[PDB]
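Trainee: My questions will all concern the structure given below.
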Amino acid sequence: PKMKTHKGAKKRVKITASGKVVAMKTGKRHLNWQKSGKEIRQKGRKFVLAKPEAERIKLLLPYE
Amino acid sequence: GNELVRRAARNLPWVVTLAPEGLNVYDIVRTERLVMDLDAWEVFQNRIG
Amino acid sequence: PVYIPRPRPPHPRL
Amino acid sequence: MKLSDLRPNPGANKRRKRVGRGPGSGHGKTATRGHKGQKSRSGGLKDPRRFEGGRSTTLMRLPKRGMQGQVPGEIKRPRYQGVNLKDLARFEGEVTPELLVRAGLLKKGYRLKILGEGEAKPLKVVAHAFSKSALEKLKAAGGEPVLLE
Amino acid sequence: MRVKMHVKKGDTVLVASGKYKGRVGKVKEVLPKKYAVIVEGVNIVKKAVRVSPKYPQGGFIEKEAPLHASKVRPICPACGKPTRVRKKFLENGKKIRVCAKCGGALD
RNA sequence: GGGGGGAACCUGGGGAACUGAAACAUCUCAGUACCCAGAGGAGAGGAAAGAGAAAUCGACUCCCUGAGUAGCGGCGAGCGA
RNA sequence: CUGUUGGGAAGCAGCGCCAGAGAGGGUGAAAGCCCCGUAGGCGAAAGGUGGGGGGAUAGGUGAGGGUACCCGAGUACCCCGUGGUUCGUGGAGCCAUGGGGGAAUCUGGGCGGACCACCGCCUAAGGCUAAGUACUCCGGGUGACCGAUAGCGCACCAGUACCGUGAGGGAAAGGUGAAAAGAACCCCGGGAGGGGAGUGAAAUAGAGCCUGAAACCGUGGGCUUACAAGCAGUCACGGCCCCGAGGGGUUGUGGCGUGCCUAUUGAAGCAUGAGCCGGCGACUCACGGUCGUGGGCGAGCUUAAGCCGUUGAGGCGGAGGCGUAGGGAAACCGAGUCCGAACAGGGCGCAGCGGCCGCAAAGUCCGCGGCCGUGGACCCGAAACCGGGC
RNA sequence: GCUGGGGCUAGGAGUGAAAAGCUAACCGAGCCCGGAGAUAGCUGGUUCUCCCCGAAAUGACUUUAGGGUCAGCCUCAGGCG
RNA sequence: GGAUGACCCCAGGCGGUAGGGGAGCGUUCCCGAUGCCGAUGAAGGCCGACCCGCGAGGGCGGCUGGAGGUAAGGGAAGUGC
RNA sequence: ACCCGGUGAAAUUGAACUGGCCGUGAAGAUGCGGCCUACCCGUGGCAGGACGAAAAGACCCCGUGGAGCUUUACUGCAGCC
Ligand SMILES: [Mg+2]
Ligand SMILES: [Mg+2]
Ligand SMILES: [Mg+2]
Ligand SMILES: [Mg+2]
Ligand SMILES: [Mg+2]
Ligand SMILES: [Mg+2]
Ligand SMILES: [Mg+2]
Ligand SMILES: [Mg+2]
Ligand SMILES: [Mg+2]
Ligand SMILES: [Mg+2]
Ligand SMILES: [Mg+2]
Ligand SMILES: [Mg+2]
Ligand SMILES: [Mg+2]
Ligand SMILES: [Mg+2]
Ligand SMILES: [Mg+2]
Ligand SMILES: [Mg+2]
Ligand SMILES: [Mg+2]
Ligand SMILES: [Mg+2]
Ligand SMILES: [Mg+2]
Ligand SMILES: [Mg+2]
Ligand SMILES: [Mg+2]
Ligand SMILES: [Mg+2]
Ligand SMILES: [Mg+2]
Ligand SMILES: [Mg+2]
Ligand SMILES: [Mg+2]
Ligand SMILES: [Mg+2]
Ligand SMILES: [Mg+2]
Ligand SMILES: [Mg+2]
Ligand SMILES: [Mg+2]
Ligand SMILES: [Mg+2]
Ligand SMILES: [Mg+2]
Ligand SMILES: [Mg+2]
Ligand SMILES: [Mg+2]
Ligand SMILES: [Mg+2]
Ligand SMILES: [Mg+2]
Ligand SMILES: [Mg+2]
Ligand SMILES: [Mg+2]
Ligand SMILES: [Mg+2]
Ligand SMILES: [Mg+2]
Ligand SMILES: [Mg+2]
Ligand SMILES: [Mg+2]
Ligand SMILES: [Mg+2]
Ligand SMILES: [Mg+2]
Ligand SMILES: [Mg+2]
Ligand SMILES: [Mg+2]
Ligand SMILES: [Mg+2]
Ligand SMILES: [Mg+2]
Ligand SMILES: [Mg+2]
Ligand SMILES: [Mg+2]
Ligand SMILES: [Mg+2]
Ligand SMILES: [Mg+2]
Ligand SMILES: [Mg+2]
Ligand SMILES: [Mg+2]
Ligand SMILES: [Mg+2]
Ligand SMILES: [Mg+2]
Ligand SMILES: [Mg+2]
Ligand SMILES: [Mg+2]
Ligand SMILES: [Mg+2]
Ligand SMILES: [Mg+2]
Ligand SMILES: [Mg+2]
Ligand SMILES: [Mg+2]
Ligand SMILES: [Mg+2]
Ligand SMILES: [Mg+2]
Ligand SMILES: [Mg+2]
Ligand SMILES: [Mg+2]
Ligand SMILES: [Mg+2]
Ligand SMILES: [Mg+2]
Ligand SMILES: [Mg+2]
Ligand SMILES: [Mg+2]
Ligand SMILES: [Mg+2]
Ligand SMILES: [Mg+2]
Ligand SMILES: [Mg+2]
Ligand SMILES: [Mg+2]
Ligand SMILES: [Mg+2]
Ligand SMILES: [Mg+2]
Ligand SMILES: [Mg+2]
Ligand SMILES: [Mg+2]
Ligand SMILES: [Mg+2]
Ligand SMILES: [Mg+2]
Ligand SMILES: [Mg+2]
Ligand SMILES: [Mg+2]
Ligand SMILES: [Mg+2]
Ligand SMILES: [Mg+2]
Ligand SMILES: [Mg+2]
Ligand SMILES: [Mg+2]
Ligand SMILES: [Mg+2]
Ligand SMILES: [Mg+2]
Ligand SMILES: [Mg+2]
Ligand SMILES: [Mg+2]
Ligand SMILES: [Mg+2]
Ligand SMILES: [Mg+2]
Ligand SMILES: [Mg+2]
Ligand SMILES: [Mg+2]
Ligand SMILES: [Mg+2]
Ligand SMILES: [Mg+2]
Ligand SMILES: [Mg+2]
Ligand SMILES: [Mg+2]
Ligand SMILES: [Mg+2]
Ligand SMILES: [Mg+2]
Ligand SMILES: [Mg+2]
Ligand SMILES: [Mg+2]
Ligand SMILES: [Mg+2]
Ligand SMILES: [Mg+2]
Ligand SMILES: [Mg+2]
Ligand SMILES: [Mg+2]
Ligand SMILES: [Mg+2]
Ligand SMILES: [Mg+2]
Ligand SMILES: [Mg+2]
Ligand SMILES: [Mg+2]
Ligand SMILES: [Mg+2]
Ligand SMILES: [Mg+2]
Ligand SMILES: [Mg+2]
Ligand SMILES: [Mg+2]
Ligand SMILES: [Mg+2]
Ligand SMILES: [Mg+2]
Ligand SMILES: [Mg+2]
Ligand SMILES: [Mg+2]
Ligand SMILES: [Mg+2]
Ligand SMILES: [Mg+2]
Ligand SMILES: [Mg+2]
Ligand SMILES: [Mg+2]
Ligand SMILES: [Mg+2]
Ligand SMILES: [Mg+2]
Ligand SMILES: [Mg+2]
Ligand SMILES: [Mg+2]
Ligand SMILES: [Mg+2]
Ligand SMILES: [Mg+2]
Ligand SMILES: [Mg+2]
Ligand SMILES: [Mg+2]
Ligand SMILES: [Mg+2]
Ligand SMILES: [Mg+2]
Ligand SMILES: [Mg+2]
Ligand SMILES: [Mg+2]
Ligand SMILES: [Mg+2]
Ligand SMILES: [Mg+2]
Ligand SMILES: [Mg+2]
Ligand SMILES: [Mg+2]
Ligand SMILES: [Mg+2]
Ligand SMILES: [Mg+2]
Ligand SMILES: [Mg+2]
Ligand SMILES: [Mg+2]
Ligand SMILES: [Mg+2]
Ligand SMILES: [Mg+2]
Ligand SMILES: [Mg+2]
Ligand SMILES: [Mg+2]
Ligand SMILES: [Mg+2]
Ligand SMILES: [Mg+2]
Ligand SMILES: [Mg+2]
Ligand SMILES: [Mg+2]
Ligand SMILES: [Mg+2]
Ligand SMILES: [Mg+2]
Ligand SMILES: [Mg+2]
Ligand SMILES: [Mg+2]
Ligand SMILES: [Mg+2]
Ligand SMILES: [Mg+2]
Ligand SMILES: [Mg+2]
Ligand SMILES: [Mg+2]
Ligand SMILES: [Mg+2]
Ligand SMILES: [Mg+2]
Ligand SMILES: [Mg+2]
Ligand SMILES: [Mg+2]
Ligand SMILES: [Mg+2]
Ligand SMILES: [Mg+2]
Ligand SMILES: [Mg+2]
Ligand SMILES: [Mg+2]
Ligand SMILES: [Mg+2]
Ligand SMILES: [Mg+2]
Ligand SMILES: [Mg+2]
Ligand SMILES: [Mg+2]
Ligand SMILES: [Mg+2]
Ligand SMILES: [Mg+2]
Ligand SMILES: [Mg+2]
Ligand SMILES: [Mg+2]
Ligand SMILES: [Mg+2]
Ligand SMILES: [Mg+2]
Ligand SMILES: [Mg+2]
Ligand SMILES: [Mg+2]
Ligand SMILES: [Mg+2]
Ligand SMILES: [Mg+2]
Ligand SMILES: [Mg+2]
Ligand SMILES: [Mg+2]
Ligand SMILES: [Mg+2]
Ligand SMILES: [Mg+2]
Ligand SMILES: [Mg+2]
Ligand SMILES: [Mg+2]
Ligand SMILES: [Mg+2]
Ligand SMILES: [Mg+2]
Ligand SMILES: [Mg+2]
Ligand SMILES: [Mg+2]
Ligand SMILES: [Mg+2]
Ligand SMILES: [Mg+2]
Ligand SMILES: [Mg+2]
Ligand SMILES: [Mg+2]
Ligand SMILES: [Mg+2]
Ligand SMILES: [Mg+2]
Ligand SMILES: [Mg+2]
Ligand SMILES: [Mg+2]
Ligand SMILES: [Mg+2]
Ligand SMILES: [Mg+2]
Ligand SMILES: [Mg+2]
Ligand SMILES: [Mg+2]
Ligand SMILES: [Mg+2]
Ligand SMILES: [Mg+2]
Ligand SMILES: [Mg+2]
Ligand SMILES: [Mg+2]
Ligand SMILES: [Mg+2]
Ligand SMILES: [Mg+2]
Ligand SMILES: [Mg+2]
Ligand SMILES: [Mg+2]
Ligand SMILES: [Mg+2]
Ligand SMILES: [Mg+2]
Ligand SMILES: [Mg+2]
Ligand SMILES: [Mg+2]
Ligand SMILES: [Mg+2]
Ligand SMILES: [Mg+2]
Ligand SMILES: [Mg+2]
Ligand SMILES: [Mg+2]
Ligand SMILES: [Mg+2]
Ligand SMILES: [Mg+2]
Ligand SMILES: [Mg+2]
Ligand SMILES: [Mg+2]
Ligand SMILES: [Mg+2]
Ligand SMILES: [Mg+2]
Ligand SMILES: [Mg+2]
Ligand SMILES: [Mg+2]
Ligand SMILES: [Zn+2]
């Protein structure tokens with residue numbers, strides 16, 4: 001039958017107009033008191049996934 | 001479209017018979033020459049417009 | 001042959 | 001042109017890759033599968049899009065973000081699809097959302113908004129919304145924006 | 001329901017093919033289950049017979065072999081030719097076989 | 001009048017496990033397999049105490065589409081209007 | 001219809017003819033015209049049907065004004081326990097209801113995802129209703145379906161023989177020939193079998209029957225071998241036999257030489273499988289995806305289910321899908337947008353070749369190929385777990 | 001005490017002077033048919049020919065260690081030069 | 001070189017397991033086919049020291065066999081032990 | 001048991017034209033090397049080898065395989081309060 005969108009992927013990731021895959025930084029869910037402002041600031045930003053891993057995630061989102 | 005004329009020619013081994021509504025390319029290519037009503041030529045002129 | 005004679009037991013190699 | 005003349009172009013009808021049919025084929029015995037893995041077996045591996053050998057997968061270590069939703073699901077609000085002026089360069093007279101659905105421009109069930117990219121033409125354009133740029137361009141080119149509802 | 005026999009016992013038929021093509025003879029017998037007929041004087045064969053009552057001295061006797069009923073064509077008792085059988089109805093309402101060449105009846 | 005039978009099909013009452021989750025328990029398999037009762041040439045359903053936002057539609061069944069959408073989910077595997 | 005080869009004509013030859021019929025199967029080989037059929041027509045006393053045409057019956061039918069009489073009860077409704085829904089306790093409604101409590105009759109009541117208000121929708125607690133839908137024991141039609149190890153387990157006296165206490169398991173086995181003309185009679189023999197005779201176009205087509213492969217067994221002939229060391233071959237030369245400046249068969253001597261497959265760092269290996277032969281035997285299909293590719297169209301491309309037509313004819317159908325705009329959790333903004341106080345900075349975004357026409361192309365549709373996902377998903381193999389039976 | 005005939009008790013069940021004995025010639029959970037083509041990261045096997053190229057047995061992570069994901073190393077198409 | 005396999009010349013590459021890629025052969029079936037090969041002998045079988053092809057194969061001839069077979073060009077697979 | 005007459009199996013079996021020593025070899029060779037020995041084929045006997053046959057090693061390990069059994073392992077259910 002037709003494929004199903006993986007819902008972990010859709011809920012974590014976004015495919016950009018040229019086909020890149022972008023995700024929130026990791027590291028600021030907790031244990032943040034002793035972390036630099038530079039570290040909390042830099043991780044507030046999105047980041048492009050490495051190409052081998054992005055092309056895997058894209059196969060999980062066949063209807064975007 | 002002449003039912004009488006198709007009935008006359010259906011049995012000739014060298015004749016495929018056809019109504020204009022059924023003009024296909026397999027039967028055209030299957031055969032060496034083509035013969036059409038001017039009524040049916042109008043029908044072919046519509047279907048490729 | 002629906003009856004198979006059971007195999008002899010192996011020499012104990014312990 | 002007779003039936004002995006009907007021919008596919010070169011490359012239209014490639015042959016298939018029959019495996020496990022002999023030494024000469026280059027594909028015999030192991031059927032191009034190599035030796036003795038889970039991947040060699042009928043049923044192969046888990047989904048190689050996700051499975052990473054038992055470790056936490058690269059996808060599941062990334063955090064989620066945003067509103068995912070909750071029962072009873074999507075909230076019905078008006079949806080807005082945009083159309084740039086350059087797209088309108090083909091029409092004369094009046095533009096309406098109804099007129100643009102048939103052009104293959106504005107999908108059904110979407111409110112029409114005109115956008116700036118392009119060049120305004122002296123048209124009557126009826127639409128649910130206009131950007132600041134498209135509005136400005138349109139007045140200047142003699143066209144009449146008509147904000148409907 | 002029934003096997004269709006263009007020919008019947010007793011009428012004269014021509015054998016149109018085989019070794020005996022050209023022969024003419026009365027239909028001695030019709031075997032519907034085998035789609036065949038026995039024609040007088042046609043298709044003779046040699047049957048060995050054991051020494052027995054009704055056959056002392058033994059040896060061989062000549063019997064007539066069957067012909068596929070398709071190799072037989074009735075000879076029109078009027079015009080005298082072989083013909084296919086038509087079906088003509090009568091004023092009685094009944095239906096008889098009739099010659100195709102001329103219009104005669106064959107019964 | 002009933003009783004019993006009928007290859008699949010149908011409705012109701014009950015209702016697994018292997019398996020999948022590369023372990024497993026919630027979850028999956030699946031209201032499937034199967035047991036039972038009933039029905040008929042079909043069975044079910046059916047004429048709004050409906051839908052759900054159109055200041056709308058207008059019984060029910062079925063097909064296409066909506067849509068792998070909305071959602072659901074040890075937010076896992078998956079499930080899925 | 002005739003002639004001709006032939007056991008046999010339908011083959012071949014000469015001259016015709018039909019065709020609303022040149023689908024197909026037979027007939028001694030290959031037939032429009034020999035047979036059965038086919039096109040096109042016709043047909044029911046009796047039984048079944050009859051959804052269509054007709055008739056009949058049951059049945060159906062207005063206002064204003066007043067009155068507030070009735071409008072489905074252990075029900076609604078609330079709570080407890082659960083089920084159904086995409087909804088797994090979740091903000092958890094709706095629908096159902098096992099337990100407790102327990103109303104009203106339209107100023108009644110339920111619903112629109114806790115709740116409340118407003119605005120609306122609908123009238124629970126009785127029942128019935130064709131069609132469009134599913135299936136295939138049964139009849140028929142048609143196959144880029146099988147052709148006797150295949151196709152149903154069964155082409156055949158098969159759910160049999162046989163196996164099992166039983167539930168249950170479950171086979172193998174088709175073909176003489178055109179016609180039995182199925183071989184009188186004689187000879188050897190107890191018979192079986194054979195040898196003659198005879199039939200047949202053909203009898204190593206003789207019923208233990210079409211074709212008749214291979215393993216395997218044997219008779220006859222050529223070459224060869226009893227001082228020789230071997231994965232059996234190969235290279236060379238010589239001898240002998242055969243076929244007719246060459247070739248084939250055989251092998252005496254000399255040289256060289258560690259089976260096949262599998263698994264392995266590594267096998268001739270004293271590691272695995274195989275007695276030998278014949279047949280069966282393992283990477284596919286569907287739908288989705290992702291590249292590549294042959295075409296069509298191109299800011300567009302494309303239809304699904306259905307409807308009409310055909311009876312191996314194609315057409316219609318634009319519902320919908322992909323694409324034409326991105327950015328943001330979103331409100332929203334938009335060639336920009338988000339973070340930010342910012343006009344800061346950054347993240348993700350945005351912009352053909354020829355001479356108005358031609359070639360091209362975003363895209364998209366179809367075909368094809370490779371690979372992926374869901375399915376048993378390359379084939380064979382457990383020990384086990386569950387259900388109902390015996 | 002031994003024995004004939006007639007009966008009853010069975011599958012997580014029976015019966016057992018107890019051996020996990022026996023329950024139709026293999027019982028630490030009978031037999032059949034079914035779920036079913038369970039699942040098998042394991043072993044085996046995988047069939048015509050020619051041509052070009054041609055690896056790896058490492059690193060990281062892994063209830064991972066004889067299995068995998070990514071990189072490394074091979075091959076094909078297109079582009080650069 | 002000639003002008004885009006139309007053949008020739010010169011030079012270089014051409015061991016190969018896992019594996020990537022290319023080009024071919026053969027099997028069954030469909031169109032081609034109301035055709036054409038066929039009893040003056042179909043397919044199948046048995047020989048061959050002969051012809052073509054690198055090969056897989058294909059011819060041709062003789063014996064057997066006795067009624068089918070099927071081209072150039074394409075199409076689809078239960079396709080080679 | 002042996003010989004003659006009658007009837008006549010089996011497991012096993014890559015093929016076999018199947019010698020010794022000292023070496024060599026995946027580490028225990030009829031099969032490789034160098035020597036030595038040896039005319040061809042049996043019958044009755046013996047078991048040292050063919051890592052002889054039989055049984056896809058019970059031991060041992062491995063498998064995120066199974067099953068029985070235990071308990072102050074986890075989590076439930078019957079039962080009982
Ligand atoms: Mg998730
Ligand atoms: Mg996102
Ligand atoms: Mg936080
Ligand atoms: Mg610090
Ligand atoms: Mg700081
Ligand atoms: Mg800080
Ligand atoms: Mg910040
Ligand atoms: Mg979509
Ligand atoms: Mg015709
Ligand atoms: Mg015709
Ligand atoms: Mg024709
Ligand atoms: Mg056995
Ligand atoms: Mg044994
Ligand atoms: Mg193909
Ligand atoms: Mg290929
Ligand atoms: Mg092939
Ligand atoms: Mg091969
Ligand atoms: Mg290879
Ligand atoms: Mg593969
Ligand atoms: Mg393998
Ligand atoms: Mg290996
Ligand atoms: Mg390997
Ligand atoms: Mg292997
Ligand atoms: Mg390995
Ligand atoms: Mg592998
Ligand atoms: Mg891999
Ligand atoms: Mg393999
Ligand atoms: Mg399997
Ligand atoms: Mg597997
Ligand atoms: Mg771990
Ligand atoms: Mg979160
Ligand atoms: Mg969303
Ligand atoms: Mg009468
Ligand atoms: Mg009944
Ligand atoms: Mg039910
Ligand atoms: Mg139960
Ligand atoms: Mg389970
Ligand atoms: Mg399963
Ligand atoms: Mg389990
Ligand atoms: Mg599991
Ligand atoms: Mg698992
Ligand atoms: Mg487990
Ligand atoms: Mg369920
Ligand atoms: Mg049920
Ligand atoms: Mg009943
Ligand atoms: Mg019906
Ligand atoms: Mg009904
Ligand atoms: Mg009802
Ligand atoms: Mg009502
Ligand atoms: Mg949970
Ligand atoms: Mg699920
Ligand atoms: Mg479910
Ligand atoms: Mg003659
Ligand atoms: Mg004639
Ligand atoms: Mg002629
Ligand atoms: Mg016809
Ligand atoms: Mg015909
Ligand atoms: Mg015919
Ligand atoms: Mg002919
Ligand atoms: Mg023929
Ligand atoms: Mg005919
Ligand atoms: Mg008719
Ligand atoms: Mg008729
Ligand atoms: Mg009242
Ligand atoms: Mg009421
Ligand atoms: Mg629930
Ligand atoms: Mg619930
Ligand atoms: Mg929740
Ligand atoms: Mg709920
Ligand atoms: Mg309520
Ligand atoms: Mg309720
Ligand atoms: Mg209740
Ligand atoms: Mg409740
Ligand atoms: Mg009210
Ligand atoms: Mg009220
Ligand atoms: Mg209610
Ligand atoms: Mg409410
Ligand atoms: Mg409502
Ligand atoms: Mg409502
Ligand atoms: Mg009612
Ligand atoms: Mg009903
Ligand atoms: Mg109905
Ligand atoms: Mg039928
Ligand atoms: Mg039938
Ligand atoms: Mg056939
Ligand atoms: Mg057979
Ligand atoms: Mg059979
Ligand atoms: Mg046969
Ligand atoms: Mg076979
Ligand atoms: Mg077969
Ligand atoms: Mg059979
Ligand atoms: Mg049958
Ligand atoms: Mg029998
Ligand atoms: Mg029986
Ligand atoms: Mg018995
Ligand atoms: Mg019995
Ligand atoms: Mg016969
Ligand atoms: Mg016969
Ligand atoms: Mg004959
Ligand atoms: Mg007979
Ligand atoms: Mg005598
Ligand atoms: Mg005799
Ligand atoms: Mg004799
Ligand atoms: Mg005799
Ligand atoms: Mg002859
Ligand atoms: Mg012969
Ligand atoms: Mg013969
Ligand atoms: Mg025959
Ligand atoms: Mg024979
Ligand atoms: Mg024989
Ligand atoms: Mg023979
Ligand atoms: Mg001899
Ligand atoms: Mg000597
Ligand atoms: Mg000598
Ligand atoms: Mg040697
Ligand atoms: Mg020499
Ligand atoms: Mg010579
Ligand atoms: Mg020689
Ligand atoms: Mg030699
Ligand atoms: Mg080999
Ligand atoms: Mg091994
Ligand atoms: Mg080993
Ligand atoms: Mg050896
Ligand atoms: Mg060996
Ligand atoms: Mg050996
Ligand atoms: Mg061993
Ligand atoms: Mg091994
Ligand atoms: Mg092996
Ligand atoms: Mg054996
Ligand atoms: Mg042998
Ligand atoms: Mg074989
Ligand atoms: Mg494949
Ligand atoms: Mg398939
Ligand atoms: Mg594809
Ligand atoms: Mg494509
Ligand atoms: Mg197109
Ligand atoms: Mg173009
Ligand atoms: Mg279109
Ligand atoms: Mg802000
Ligand atoms: Mg910016
Ligand atoms: Mg930028
Ligand atoms: Mg294209
Ligand atoms: Mg792939
Ligand atoms: Mg499946
Ligand atoms: Mg499969
Ligand atoms: Mg696959
Ligand atoms: Mg068992
Ligand atoms: Mg369980
Ligand atoms: Mg059970
Ligand atoms: Mg039970
Ligand atoms: Mg007693
Ligand atoms: Mg007693
Ligand atoms: Mg008793
Ligand atoms: Mg008892
Ligand atoms: Mg009992
Ligand atoms: Mg019982
Ligand atoms: Mg049990
Ligand atoms: Mg159990
Ligand atoms: Mg017990
Ligand atoms: Mg006792
Ligand atoms: Mg038993
Ligand atoms: Mg026992
Ligand atoms: Mg057990
Ligand atoms: Mg037992
Ligand atoms: Mg059963
Ligand atoms: Mg299952
Ligand atoms: Mg399976
Ligand atoms: Mg398992
Ligand atoms: Mg190389
Ligand atoms: Mg390593
Ligand atoms: Mg493993
Ligand atoms: Mg890799
Ligand atoms: Mg490199
Ligand atoms: Mg690459
Ligand atoms: Mg090269
Ligand atoms: Mg090479
Ligand atoms: Mg081929
Ligand atoms: Mg074609
Ligand atoms: Mg044809
Ligand atoms: Mg001819
Ligand atoms: Mg002849
Ligand atoms: Mg001949
Ligand atoms: Mg052939
Ligand atoms: Mg054939
Ligand atoms: Mg040949
Ligand atoms: Mg031949
Ligand atoms: Mg024929
Ligand atoms: Mg053909
Ligand atoms: Mg071809
Ligand atoms: Mg196959
Ligand atoms: Mg003696
Ligand atoms: Mg003896
Ligand atoms: Mg005897
Ligand atoms: Mg034996
Ligand atoms: Mg050998
Ligand atoms: Mg040898
Ligand atoms: Mg020797
Ligand atoms: Mg050593
Ligand atoms: Mg050494
Ligand atoms: Mg040694
Ligand atoms: Mg030796
Ligand atoms: Mg050797
Ligand atoms: Mg050597
Ligand atoms: Mg030696
Ligand atoms: Mg030596
Ligand atoms: Mg010596
Ligand atoms: Mg001896
Ligand atoms: Mg010994
Ligand atoms: Mg020994
Ligand atoms: Mg020994
Ligand atoms: Mg041994
Ligand atoms: Mg052994
Ligand atoms: Mg095994
Ligand atoms: Mg083992
Ligand atoms: Mg064992
Ligand atoms: Mg033991
Ligand atoms: Mg060990
Ligand atoms: Mg173990
Ligand atoms: Mg573990
Ligand atoms: Mg593991
Ligand atoms: Mg375990
Ligand atoms: Mg257990
Ligand atoms: Mg158990
Ligand atoms: Mg258990
Ligand atoms: Mg107690
Ligand atoms: Zn006449």
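Going by the structure tokens order, chains are called A, B, ..., each with residues numbered from 1, while ligands are numbered from 1 in the order shown.
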Considering only C-alpha atoms (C1' of nucleotides), return as a ChimeraX atom specification whatever protein or nucleic-acid residues lie within 12 Å of segment 56-63 of chain A, sequence-local ones (same chain, fewer than 4 positions apart) excluded.
Mentor: /A:2-16,19-23,49-52 /D:47-52,57-60,62 /F:67-69 /G:288-290,321-322,372-373 /H:69-70
Trainee: Do you know which residues are within 12 Å of ligand 219 using only C-alpha atoms (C1' of nucleotides) and all ligand atoms? Can you write them as a PyMOL selection string?
Mentor: (chain F and resi 22-24) or (chain H and resi 63-64) or (chain J and resi 63-65)
Trainee: Near residue 40 of chain D, counting only C-alpha atoms (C1' of nucleotides), which residues have an atom at most 10 Å away, once you skip same-chain residues fewer than 6 positions from it, shown as an MDAnalysis selection string?
Mentor: (chainID D and resid 30:34) or (chainID G and resid 378)
Trainee: Restrict the selected residues to N, CA and C atoms (P, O5', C5', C4', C3', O3' and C1' of nucleotides) and save them as a PDB file, in the first residue's frame.
Mentor:
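Okay, this is what ended up in result35.pdb:
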```pdb
ATOM      1  N   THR D  30      25.290 -16.195  -5.382  1.00  0.00           N
ATOM      2  CA  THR D  30      24.768 -15.367  -4.302  1.00  0.00           C
ATOM      3  C   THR D  30      23.862 -14.252  -4.782  1.00  0.00           C
ATOM      4  N   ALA D  31      23.592 -14.169  -6.082  1.00  0.00           N
ATOM      5  CA  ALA D  31      22.571 -13.271  -6.618  1.00  0.00           C
ATOM      6  C   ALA D  31      22.890 -11.804  -6.344  1.00  0.00           C
ATOM      7  N   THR D  32      24.185 -11.481  -6.301  1.00  0.00           N
ATOM      8  CA  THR D  32      24.745 -10.167  -5.989  1.00  0.00           C
ATOM      9  C   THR D  32      24.537  -9.735  -4.528  1.00  0.00           C
ATOM     10  N   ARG D  33      24.335 -10.678  -3.597  1.00  0.00           N
ATOM     11  CA  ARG D  33      24.027 -10.376  -2.198  1.00  0.00           C
ATOM     12  C   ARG D  33      25.229 -10.481  -1.268  1.00  0.00           C
ATOM     13  N   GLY D  34      26.350 -11.003  -1.750  1.00  0.00           N
ATOM     14  CA  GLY D  34      27.462 -11.307  -0.889  1.00  0.00           C
ATOM     15  C   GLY D  34      27.184 -12.511  -0.005  1.00  0.00           C
TER      16      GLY D  34
ATOM     17  P     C G 378      13.374 -10.502  -0.617  1.00  0.00           P
ATOM     18  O5'   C G 378      13.247 -11.993  -1.164  1.00  0.00           O
ATOM     19  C5'   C G 378      12.811 -12.236  -2.486  1.00  0.00           C
ATOM     20  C4'   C G 378      13.252 -13.582  -2.998  1.00  0.00           C
ATOM     21  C3'   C G 378      12.928 -14.778  -2.126  1.00  0.00           C
ATOM     22  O3'   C G 378      11.570 -15.158  -2.214  1.00  0.00           O
ATOM     23  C1'   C G 378      15.120 -14.984  -3.009  1.00  0.00           C
TER      24        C G 378
END
```
Trainee: Could you please extract the residues within 8 Å of ligand 223, counting only C-alpha atoms (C1' of nucleotides) and all ligand atoms, and hand them back as a ChimeraX atom specification?
Mentor: /G:385 /H:29 /J:67
Trainee: List as an NGL selection string the protein and nucleic acid residues lying within 10 Å of ligand 187, with only C-alpha atoms (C1' of nucleotides) and all ligand atoms counted.
Mentor: (:G and (29-30)) or (:I and (42 or 67-68))
Trainee: For segment 60-75 of chain E, please output as a PyMOL selection string all residues within 7 Å (counting only C-alpha atoms (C1' of nucleotides); exclusion window: fewer than 2 positions along the same chain).
Mentor: (chain E and resi 7+12-17+35-38+42-49+58+77+80-83) or (chain G and resi 27+34-35+184)
Trainee: Please extract the residues at most 12 Å from ligand 84, counting only C-alpha atoms (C1' of nucleotides) and all ligand atoms, and provide them as JSON, numbers by chain, using the chain letters and residue numbers of this document.
Mentor: {"G": [138, 139, 140, 141, 142]}
